[PDB]
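Okay, so here's the structure we're looking at.
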Amino acid sequence: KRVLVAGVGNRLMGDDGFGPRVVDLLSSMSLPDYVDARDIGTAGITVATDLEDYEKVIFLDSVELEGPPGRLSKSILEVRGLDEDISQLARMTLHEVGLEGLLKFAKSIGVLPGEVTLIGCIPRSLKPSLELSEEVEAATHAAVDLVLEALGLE
Amino acid sequence: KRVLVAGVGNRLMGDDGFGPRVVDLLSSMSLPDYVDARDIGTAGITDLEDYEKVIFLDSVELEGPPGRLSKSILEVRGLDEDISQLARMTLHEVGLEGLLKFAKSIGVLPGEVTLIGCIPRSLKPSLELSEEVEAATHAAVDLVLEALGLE
Amino acid sequence: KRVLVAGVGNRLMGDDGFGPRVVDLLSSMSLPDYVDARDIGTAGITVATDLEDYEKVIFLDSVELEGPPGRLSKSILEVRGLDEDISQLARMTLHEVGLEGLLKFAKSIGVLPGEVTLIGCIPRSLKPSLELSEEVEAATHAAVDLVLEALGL
Amino acid sequence: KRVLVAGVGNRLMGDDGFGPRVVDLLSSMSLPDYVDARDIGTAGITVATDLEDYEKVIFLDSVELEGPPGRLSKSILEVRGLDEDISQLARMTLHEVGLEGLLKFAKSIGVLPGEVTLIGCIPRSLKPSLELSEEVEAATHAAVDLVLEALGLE
C-alpha cells in the first residue's frame with residue numbers, strides 16, 4: 001500500500017490480457033510489501049479510498065499505437081500540471097453551467113498519486129481468446145523489467 | 001476579431017472589478033482593429049470560436065500582496081494528451097463519457113490562452129477599487145500590451 | 001411558513017457554501033412546521049409575496065471580517081431604527097442623498113420583517129471548490145447551534 | 001476647518017429661519033477658527049469635497065413635534081451604526097433593494113463624520129415672514145448655549 005502496479009484489460013480478449021498477465025508475473029516475484037500488484041481487469045479502480053492511498057502508480061494496458069505487436073511505450077501523466085490547467089479553465093468557466101462538473105473532475109484528480117506512469121503494449125490481436133500472442137507474451141517479460149526499473153528493484 | 005481581451009469580474013465587488021476596469025482603460029485607447037476588448041463582467045464568455053488568441057483578466061486568490069499580478073499560460077493541446085491518459089486509467093469517478101465530452105468542449109478554445117490575474121485587497125461590496133489594484137490595473141495594461149507585443 | 005432561515009452563497013465557491021450547507025443540515029432535522037429553511041444560493045429573495053410572509057428571518061452567509069477563519073458573527077438589523085435614521089438624513093439636505101430617494105428607500109424596506117438576524121462565517125478559501133474547509137465545516141454545526149438557539153429549539 | 005454648525009431652513013418662512021438665525025448669533029460671537037458656522041438655508045450641502053472635511057457636525061432646523069413653540073429637541077444620528085446596517089442590507093439579497101444604488105448611498109454615508117448632532121426647534125408659525133416669533137427668537141439663544149456646550153465652549 002504505497003506503490004500500485006495496475007494491470008488493465010480483458011483476459012478474454014487475446015492480447016488485451018497483457019496488463020493482467022504482467023501482474024501475474026509480478027505476483028510470482030518477491031516484491032517489497034509496499035508494492036501492490038493488482039489485476040483490475042475491466043472493472044476500473046475507485047480513486048477515493050483506494051487509489052488515493054498510493055504514493056505512486058504504474059498502469060499497464062494494451063494501446064492502439066502504430067507499430068509492431070509487443071512494442072512497449074512508457075509515458076507519464078503529470079498530475080500537478082493537470083490541476084493547474086483545470087484551475088485556469090475554471091477561472092474562465094466560473095459563470096458557465098458546466099463549472100460544477102469541472103470541479104467534480106478536479107476533486108478526483110487532486111488526490112491522484114503524485115507519480116503516474118503508463119506502460120502500453122501494442123497487441124497483435126484483440127479477438128476473443130484466452131491466450132496471448134507470442135509477441136505480447138514476450139512483451140510481458142520486457143514489461144516486468146520496465147516495472148522493476150521504474151521501482152528501483154532491478 | 002482575431003484577438004480577445006476579456007475582463008472578468010463583478011464591478012460591484014470592489015477589487016473583483018479589476019478585469020472590467022482593465023477593459024475600460026484599453027477600450028479608450030487607439031488599439032488595432034482586430035483586437036476586441038470586452039467587459040464580460042459575470043456573464044461568462046460563450047462567439048469565442050472566432051478568435052485566435054485570448055488574454056484573460058480576472059481577480060484571483062493568491063497568497064502574496066494586494067496588487068500582485070500572475071501571468072500564466074494554458075496550453076489546451078497539453079490538456080488533450082492528459083485526457084487520453086486519464087481515459088486509459090478507468091477511474092470510477094472519472095468516467096469515459098464525461099472525459100470525452102470535456103475534451104470536446106475545450107477543443108474549440110484557441111490554442112494558447114494567457115491568464116493575467118490580480119491578488120485583490122478586498123472583495124467587499126464596493127463600486128471602487130483599492131489603491132493597490134487601482135495601480136495594478138495600469139501594471140496589467142503593460143502586460144497586455146507586451147503580450148500583444150505593442151509595448 | 002412564518003419564520004425563514006435563508007442560506008446565502010455559492011456552493012461552488014468553497015467556503016461561500018457555508019450558508020446553504022447550514023440549510024442542508026437543518027433540512028434533515030425535525031424542525032417545526034412554521035420554519036422554512038431555504039437554500040437561496042446566489043439568486044436573492046423577492047420581498048413581495050415571499051419575504052413578507054415571515055415575521056422572523058434568519059440569514060446565513062459568508063462575510064470576510066477580521067477574525068479567525070470559521071468564526072461566526074451574529075448581528076441584528078432593526079428595520080425600525082433604520083427608518084428613524086432615514087428621517088434624520090432627510091433633515092440634513094445632503095446634495096447626494098436626495099429626498100425622493102430616501103423616501104423610496106424607506107418605503108421599500110418598510111415591508112421587511114420586524115427583526116432580521118444575520119449569521120456570517122469568516123471563510124478560509126473561496127477558490128472554486130465543492131468543499132468546505134475543516135473550520136467552516138465545523139462552523140456549520142456551530143451555526144446550527146445558533147439557529148436553534150435563536151429559534152428557541 | 002474642523003467643526004461645522006449648519007443652520008437649515010428658509011429665512012422667508014417665519015420660524016423656519018430658526019437655524020440660519022442661530023448661525024447669525026454664532027457668527028457674531030468670537031468662535032475659534034476651526035468652527036464653521038454656516039447658513040445653509042434651503043440650498044443643501046454637498047458631502048463630497050465639503051461635508052466630509054469636518055469631523056463634527058451640528059445641524060439646526062425647525063421641526064414639528066409635540067410641544068409648544070420654542071421647545072428645543074437634540075438628537076444624534078449614529079452614522080457608523082448606519083453604515084453597518086447598510087452592509088447588513090447589502091449582504092441580504094433583496095430583489096427590491098438592489099446592490100448598486102445601495103452602494104452609492106453607502107458612498108455618501110461612509111464619509112459623513114461620526115459625530116452628528118441635530119437640534120430642532122418647534123415653530124410657532126411657518127407662514128411667510130422675515131421675522132421669528134417671540135418664542136423661536138428666544139429659542140435661538142437657548143440653541144446657542146446647546147451649541148456651545150456640545151463644543152466645550154460654554
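Considering C:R38, C:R11, the condition of being within 22 Å of C:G70 (Cβ to Cβ) and among the basic types (K, R) is satisfied by C:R11 alone. Inside segment A:14-36, can you point out the residues that are assigned to a loop (DSSP other than H, G, I, E, B), over 20 Å from A:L112 (Cα atoms) and not small (G, A, S)? Those that are assigned to a loop (DSSP other than H, G, I, E, B), over 20 Å from A:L112 (Cα atoms) and not small (G, A, S): A:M29, A:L31, A:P32, A:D33.
Among the residues making up segment A:54-78, those that are of a type in the set (G, A, S) and surrounded by fewer than 19 Cβ atoms within 10 Å (Cβ to Cβ) are A:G67, A:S73, A:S75.
Residues in segment D:104-122 that are among the hydrophobic types (A, V, I, L, M, F, W, C) and more than 13 Å from C:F105 (Cα to Cα): D:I109, D:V111, D:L112, D:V116, D:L118, D:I119, D:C121, D:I122.
Just checking, how many residues over segment C:105-140 are within 9 Å of chain D (Cβ to nearest Cβ) and either in contact with a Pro (Cβ under 8 Å, 6 or more places away or on another chain) or at positive phi (or both)?
Residues meeting the conditions: 0.
B:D39 passes all but one of (1) part of a strand (DSSP E or B); (2) among the acidic types (D, E); (3) within 11 Å of chain A (Cβ to nearest Cβ); which number fails? All conditions pass for B:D39, except number (3). Which members of segment B:100-109 meet the condition of being within 23 Å of the chain's Cα centre (by Cα) and assigned to a helix (DSSP H, G or I)? Across segment B:100-109, the qualifying residues are B:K101, B:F102, B:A103, B:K104, B:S105, B:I106.
Taking segment C:13-63 on its own, how many of its residues are in contact with a strand residue (DSSP E or B) (Cβ under 9 Å, 6 or more places away or on another chain), within 30 Å of A:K107 (Cα to Cα) and not hydrophobic (A, V, I, L, M, F, W, C)? Residues flagged as in contact with a strand residue (DSSP E or B) (Cβ under 9 Å, 6 or more places away or on another chain), within 30 Å of A:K107 (Cα to Cα) and not hydrophobic (A, V, I, L, M, F, W, C) within segment C:13-63 amount to 16. Just one of (1) buried (at least 20 other Cβ atoms within 10 Å of the Cβ); (2) within 14 Å of chain A (Cβ to nearest Cβ); (3) over 17 Å from A:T93 (Cα atoms) fails for B:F102. It is (3). Residues in segment D:74-86 that are within 11 Å of chain C (Cβ to nearest Cβ) and touching a strand residue (DSSP E or B) at 6+ places or on another chain (Cβ under 9 Å): D:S75, D:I76, D:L77, D:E78, D:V79, D:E84, D:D85. The residue pairs whose first member lies in segment A:44-58 and is more than 20 Å from A:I119 (Cα to Cα), whose second member is of a type in the set (G, A, S) and buried (at least 17 other Cβ atoms within 10 Å of the Cβ), and whose beta carbons are closer than 9 Å, counting only pairs six or more residues apart or on different chains, are A:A48/A:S108. Condition test on D:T46, is it within 14 Å of another protein chain (Cβ to nearest Cβ) and touching a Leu at 6+ places or on another chain (Cβ under 8 Å)? Spelling it out, D:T46 is indeed within 14 Å of another protein chain (Cβ to nearest Cβ) and touching a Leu at 6+ places or on another chain (Cβ under 8 Å). Residues of segment A:49-98 that are part of a loop (DSSP other than H, G, I, E, B), of a type outside the set (G, A, S), closer than 21 Å to A:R11 by Cα and in contact with a helix residue (DSSP H, G or I) (Cβ under 8 Å, 6 or more places away or on another chain): A:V63, A:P68, A:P69, A:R71.
Residue count for segment D:110-124 under the criterion of being under 25 Å from B:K124 (Cβ atoms) and in a loop (DSSP other than H, G, I, E, B): the result is 5.
No lab work stands behind these numbers, since they all come straight from the coordinates. Neighbour counts are summed over all protein chains in view; Cβ atoms, including those assigned to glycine, are modelled from backbone coordinates with ideal geometry.
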